[PDB]
Amino acid sequence: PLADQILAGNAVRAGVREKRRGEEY
Amino acid sequence: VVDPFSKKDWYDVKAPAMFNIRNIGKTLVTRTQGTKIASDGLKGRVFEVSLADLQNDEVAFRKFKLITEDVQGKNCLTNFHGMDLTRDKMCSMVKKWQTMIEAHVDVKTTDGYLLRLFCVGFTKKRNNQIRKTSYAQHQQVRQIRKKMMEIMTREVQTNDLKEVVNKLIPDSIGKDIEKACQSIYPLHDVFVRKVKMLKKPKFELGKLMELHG
Amino acid sequence: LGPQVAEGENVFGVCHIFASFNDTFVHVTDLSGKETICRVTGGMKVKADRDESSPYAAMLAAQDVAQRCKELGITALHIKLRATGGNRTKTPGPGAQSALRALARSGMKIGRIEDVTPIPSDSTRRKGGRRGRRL
Amino acid sequence: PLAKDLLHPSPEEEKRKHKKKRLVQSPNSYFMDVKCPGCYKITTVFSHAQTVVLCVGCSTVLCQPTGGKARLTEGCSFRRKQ
Amino acid sequence: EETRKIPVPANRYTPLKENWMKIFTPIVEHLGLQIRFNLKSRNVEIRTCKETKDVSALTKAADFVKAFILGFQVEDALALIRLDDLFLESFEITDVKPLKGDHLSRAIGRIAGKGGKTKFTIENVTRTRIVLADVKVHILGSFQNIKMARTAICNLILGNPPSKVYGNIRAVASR
Amino acid sequence: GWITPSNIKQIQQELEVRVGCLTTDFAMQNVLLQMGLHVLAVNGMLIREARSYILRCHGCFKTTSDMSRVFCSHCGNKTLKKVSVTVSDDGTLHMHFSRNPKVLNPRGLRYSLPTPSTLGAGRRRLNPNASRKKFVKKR
RNA sequence: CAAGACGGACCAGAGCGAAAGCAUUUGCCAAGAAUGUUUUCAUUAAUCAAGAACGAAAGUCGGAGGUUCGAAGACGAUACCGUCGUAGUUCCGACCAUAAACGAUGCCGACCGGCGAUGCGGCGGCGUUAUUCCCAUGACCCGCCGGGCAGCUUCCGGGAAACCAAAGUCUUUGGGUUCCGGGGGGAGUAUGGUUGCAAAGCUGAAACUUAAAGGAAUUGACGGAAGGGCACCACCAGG
Ligand SMILES: [Zn+2]
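So, how was this worked out
- Residues numbered from 1 in each chain as written, not as in the entry; some residues may be left out.
- Chains lettered and ligands numbered in written order.
- Part of a larger assembly, values for the part shown.
- Heavy atoms only, no water.
- Residues with missing side-chain atoms left out of burial classes, pairs and counts.
- UniProt positions renumbered as here; feature names shortened; annotations may be inferred.
- Contact = heavy atoms within 4.5 Å.
- Donors = N, O, S within 2.8 Å, 3.2 Å for Na, K, Ca; no water.
- Tetrahedral: all angles 85-135°; square planar, octahedral: opposite > 155°, others 65-115°.
- Helix = DSSP H or I, 4+ residues; strand = E, 2+ residues; numbered from the N terminus.
- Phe/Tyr/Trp six-rings, centres within 6.5 Å; stacked < 30°, edge-to-face > 60°.
- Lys NZ or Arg CZ within 6 Å of the ring centre and 35° of its normal.
- Near = heavy atom within 4 Å.
- Polar contact = N/O pair within 3.5 Å; in protein donor to acceptor, adjacent residues only side chain to side chain.
- Nonpolar A, V, L, I, M, F, W, Y, C, P; charged D, E, K, R; others polar.
- Buried area = accessible area lost by both parts, 1.4 Å probe.
- Salt bridge = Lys/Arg side-chain N within 4 Å of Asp/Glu carboxyl O.
- 1 Å grid on protein atoms, 1.4 Å probe; cavity = no way out; pocket = protein on both sides within 12 Å on 5 of 7 lines; lining within 4 Å.
- Points joined across faces, edges and corners; volume = space filled by probe spheres on them.
- Expected span 1.5 Å × (residues − 1).
- Buried < 20%, exposed > 50% of the residue type's maximum accessible area, 1.4 Å probe, protein only.

- Structure determination for this entry, per the PDB record, employed cryo-EM and reached 3.2 Å resolution.

- By the naming in the PDB entry, chain D goes by 40S ribosomal protein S27 and is assigned to Homo sapiens.
- The title field of the PDB entry reads "Cryo-EM structure of a human pre-40S ribosomal subunit - State RRP12-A3".
- We quote the UniProt Sequence similarities comment for chain D here in full: "Belongs to the eukaryotic ribosomal protein eS27 family."

- Per the PDB entry, chain B carries the name 40S ribosomal protein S3a and comes from Homo sapiens.
- The record held by UniProt for chain B lists under Sequence similarities the comment "Belongs to the eukaryotic ribosomal protein eS1 family."

Below, the structure is given as structure tokens:
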């Protein structure tokens, strides 16, 4: 839709990105 | 340096007595300072009022132009000047696969009001018609134009403006054209789309009293 | 100044919104058409010439004329939208819509809306040539 | 297609065709007896007549010319020939 | 109470009928307005009722129906309901240069492009919505977005090839 | 005839003891009212009259109540047409045709074929043997 | 109120005309195609050298009018654009005779597949409409015939192919006839002739120069361009 496009351009993408970094006996 | 609107005043303008709504509005008039007369500013005031502002249950696309020439002290008097149709009605009324037939006459009434009458008519698609287009041939267009010219002439030439405008409120002339031109080509929605004040005789007071009762 | 009309009943002015391609004229006048209440255009409000025909300028001019008529006593208004017409474009643009929206927010009640843009039967040549356009 | 007796076409197909495009061409017209209502004489009238045929005894209009077949007036009777 | 009527041409009666549900619902639940469509006059009439919310939005509701009359999808006209800075601009192709016959049709095809692609591209470039009638063209968007879309459309009907307008409008959107 | 927001909850269907039915589709309501069993609705009161549209075939004379189907069941042609029906509580049904020759005519039905979703619906309803614009193309 | 302009929408797979072209009403004038025809004449026909008539726009001579637009031109900004604006655009009478004046596609005749749309004329028919109109007529509906404008479909055949129901009936080559082309440039140029007030129109070379010029469709590389993913040998905050 038009308003969805306008609000997607008005907001910032976020969400998923897997960043792989980095006892008993 | 000073507001001009304090010197102004207000005149209440109302329609002739045949309309069930009495008051049609208020008008700003300058006051008399001796150089010019306040009644002289109302000798030719032209008002545009839709018919739905003049009747309750009737249609709105028809509008009347009224001439104003008299005032009697916070009582304003108007007179007929012509009519028109709303532009959106005319624009929605011109469809595609059908013929538009236009006619006009210059006719004199019983009391000297020389009028110019316009008529526009459109052809019907039948209730079982399968062809996309419903066109009238040129000779049939000529008979329709002659018929509606002579019908409006015979309806307004020997008639007085009281019953002329009482025909104009429900557009009985359109019903007459729709009934009478049916035997040539079925018309769809015919209207007297314009009445023009061509010539106006000498002004008299008692007739506007009969307009206003 | 309170034109001797009670509470419920109202006086109808008529507003001509000349939405041109350079600015917007919001012109309010009496129902006859001769006596005019106030005429405030887009260039009377904004300072530059970029935004003479902007919707914001038309909005602010509509606010101005609405306030001017409300301090007089006119609450009801008829509307005559009017593009530059003639040979040119024949549809009221965003300025007229902005003026109508602003006059709606101001408390003004709308009467009859009608386009009064001058459509010719068939007029003369346009300001363009055989090839020219806007841009 | 590819098998049809051109010598012996079906009669409805021959009547369907144009009058010149038949196997042997023939007219679509006929002559007819016309009996005026005000008399009892017989008038021989062409179906596609172009002139206003008048009664020999009554001097009344029998047919009106048209683009195609002639239009007989109301009240007169007609019978085809041959 | 205020009322406003919207005409419906004969080519828009079936689209109006088919998705009438998602047309009358967003007016009666959100703006609290009271609507109908008469077949004798072929007019969609909107008027305010007692349980009206934000009376100075009635015009917006009318704009809703108006956009759907011009050929816009109901999602874009519902965006016209939601956003306040959304406007409508209409003009003819011959209204800026006289094109007759096949030249007019070629100008229409240049605005549309193959599969509508060029037209669609301009939309995603300008965040607008364009529906073009037989000779009319209508743009729905904010003011500067309307100006950019009008710029691209006017350049395409000048005779500039769609490739150059494509590249230039992408570069202008980048700015 | 006006539509208010107060009537939106009221407008569900045609609105007029121990056990009832919450059926919605017209087929089950039709057979229940044919049997005389009292059918109920989302509202408190029962249904007295039930009117709707079905698809009747004019080739093999078989009716189908599926409003989305376009081919017939027995003959299998694209030959179903809209015919209205109305039933009551007593078990009496009356079903209305249309005596309009526009619906039943073979006008746009014959055209030569080439050798071998809901958008663009009105373009198909035009007959192929007609004037389209010279620089437009049907696929 | 006046002045000249122009006839929107309706306006189309439409109609008319030899083409160029043609759209406000009414009246007058004389033409015209198709249709219908158990009329008349009896080969009176087809094509074009010479020759003649018309021929968009611009342009040239004289009269009238100049609304809008507007070559040249004067200003302002940056060949593009804006303001003003001359000739012209308009009418009348003579010249000019040129256009992508296109179907980039002689004219007449015959044969060779299908479909249903449309314009006109004719014919046949259940039926509905002029508030169940009391027979006819106009408006629709179905079907047929003839000449048209124009589509869709086809392994008819043809073609270099795009495609064409003609651009088919062509090495199985002959229905009649007019104009016209012979690799690309020089060059539609020079000169001569002819027409024109002029601009120019019609006819029109050679010397020389060159191995190409061009047509039909199809993609594949082709710096690159628009979306994403990842990375402390990329970055933010840092050490
Ligand atoms: Zn069946």
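Still more to cover.
Focus on the arrangement of the chains
Step number 1: The assembly contains 6 pairs of chains in contact; the pair sharing the most contacts is chains C and E.
Step number 2: Note that chain D does not reach chain E: the shortest distance linking a C-alpha of one to a C-alpha of the other is 38 Å.

Concerning the coordination of the zinc ion
Residue and element names in this part refer to chain F.
Step number 1: Coordination of the zinc ion by the protein is provided by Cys 57 (SG), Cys 60 (SG), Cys 72 (SG) and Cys 75 (SG), with metal-donor distances spanning 2.3 Å.
Step number 2: For the zinc ion, the 4 donor atoms in the first shell make angles of 104 to 111° at the metal, so the coordination geometry reads as tetrahedral.
Step number 3: Counting residues between consecutive donors of the zinc ion along the chain gives the motif C-x2-C-x11-C-x2-C. In this pair, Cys 57 sits in strand β1 (residues 49–57) while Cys 75 sits in the loop between β2 (63–64) and β3 (80–88), placing the two residues 18 residues apart along the sequence.

A short note on the packing of aromatic side chains
Step number 1: Using the criterion set out here, one finds 5 aromatic pairs over all chains in the structure.
Step number 2: One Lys or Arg, B:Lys132, reaches over the ring of B:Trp97 and ends 3.5 Å from the middle of that ring.

Thoughts on the protein's contact with RNA strand G
Step number 1: Taken together, 65 residues form the shell around RNA strand G, and within it A:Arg17, A:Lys19, B:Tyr135, B:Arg142 and C:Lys127 come nearest.
Step number 2: A distance of 2.7 Å is found between a sugar or linking oxygen of RNA strand G and a backbone nitrogen or oxygen belonging to B:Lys96.
Step number 3: Here a phosphate oxygen of RNA strand G sits 2.9 Å away from a polar atom, N or O, in the side chain of B:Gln137.
Step number 4: Contributions of two or more residues to the surface near RNA strand G are made by β6 (100–108) and α2 (138–156) of chain B.
Step number 5: Broken down by element, the surface near RNA strand G gets its largest block of residues, 3 residues, from α2(B).
Step number 6: Partitioned by chemical class, the residues of the surface near RNA strand G number 16 nonpolar, 22 polar and 27 charged.

A few points about the interface of chain B and chain F
Step number 1: The interface is formed by 7 residues belonging to chain B together with 6 residues belonging to chain F.
Step number 2: Between chain B and chain F, roughly 480 Å² of surface is buried when both sides are summed, and carbon and sulfur atoms account for 51% of that area.
Step number 3: When the buried area of chain B at its contact with chain F is split by residue, B:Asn127, B:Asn128 and B:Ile130 rank highest and sum to 69% of it.
Step number 4: In this structure, the connection of chain B to chain F is made through 0 salt bridges.
Step number 5: Here chain B and chain F share 1 residue pair in polar contact between them.
Step number 6: Residue classes in the side of chain B that touches chain F are distributed as 1 nonpolar, 3 polar and 3 charged.

Some details on the UniProt feature "zinc finger region: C4-type" in chain D
Step number 1: Under the UniProt annotation, "zinc finger region: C4-type" lies at residues 36–58 of chain D.
Step number 2: Taken end to end, residues 36–58 of chain D has its terminal C-alpha atoms 8 Å apart, with 0% of it in helix and 17% in strand.

Topic: empty space enclosed by the protein
Step number 1: Here the largest cavity defines a volume of roughly 70 Å³.
Step number 2: Looking at the largest cavity, the residues that line it are B:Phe80, B:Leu115, B:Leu117, B:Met152, B:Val156, B:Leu161, B:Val164, B:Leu168, B:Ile173 and B:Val195.
Step number 3: Mapped by element, the contributors of at least two residues to the lining of the largest cavity are β7 (114–122), α2 and α3 (161–168) of chain B.
Step number 4: With 3 residues, α3(B) is the single largest residue contributor to the lining of the largest cavity.
Step number 5: Residue composition of the lining of the largest cavity, grouped by class: 10 nonpolar, no polar and no charged.
Step number 6: Estimated volume of the second largest cavity: approximately 50 Å³.
Step number 7: Lining the second largest cavity are B:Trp10, B:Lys26, C:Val11, C:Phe12, C:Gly13, C:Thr29, C:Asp30, C:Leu31 and C:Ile74.
Step number 8: When its residues are assigned to classes, the lining of the second largest cavity shows 5 nonpolar, 2 polar and 2 charged.

Details of α2(B)
Residues and elements named next belong to chain B.
Step number 1: For α2, built from 19 residues, the straight-helix expectation of 27 Å at 1.5 Å per residue is met to within 8% by its first-to-last C-alpha distance of 27 Å.
Step number 2: Buried within α2 are the following residues: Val 141, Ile 144, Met 148, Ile 151, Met 152, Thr 153, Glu 155 and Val 156.
Step number 3: On its buried face, α2 is in contact with β6, β7, α3 and α4 (172–180).

Looking at unusual backbone geometry
Comment: phi is negative for the bulk of residues other than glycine, and the bulk of peptide bonds are trans.
Step number 1: A positive phi is found at E:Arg127, a non-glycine position, where the angle reads about 55°.
Step number 2: Along the polypeptide, E:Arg127 turns up in the loop between α6 (117–126) and β5 (129–132).

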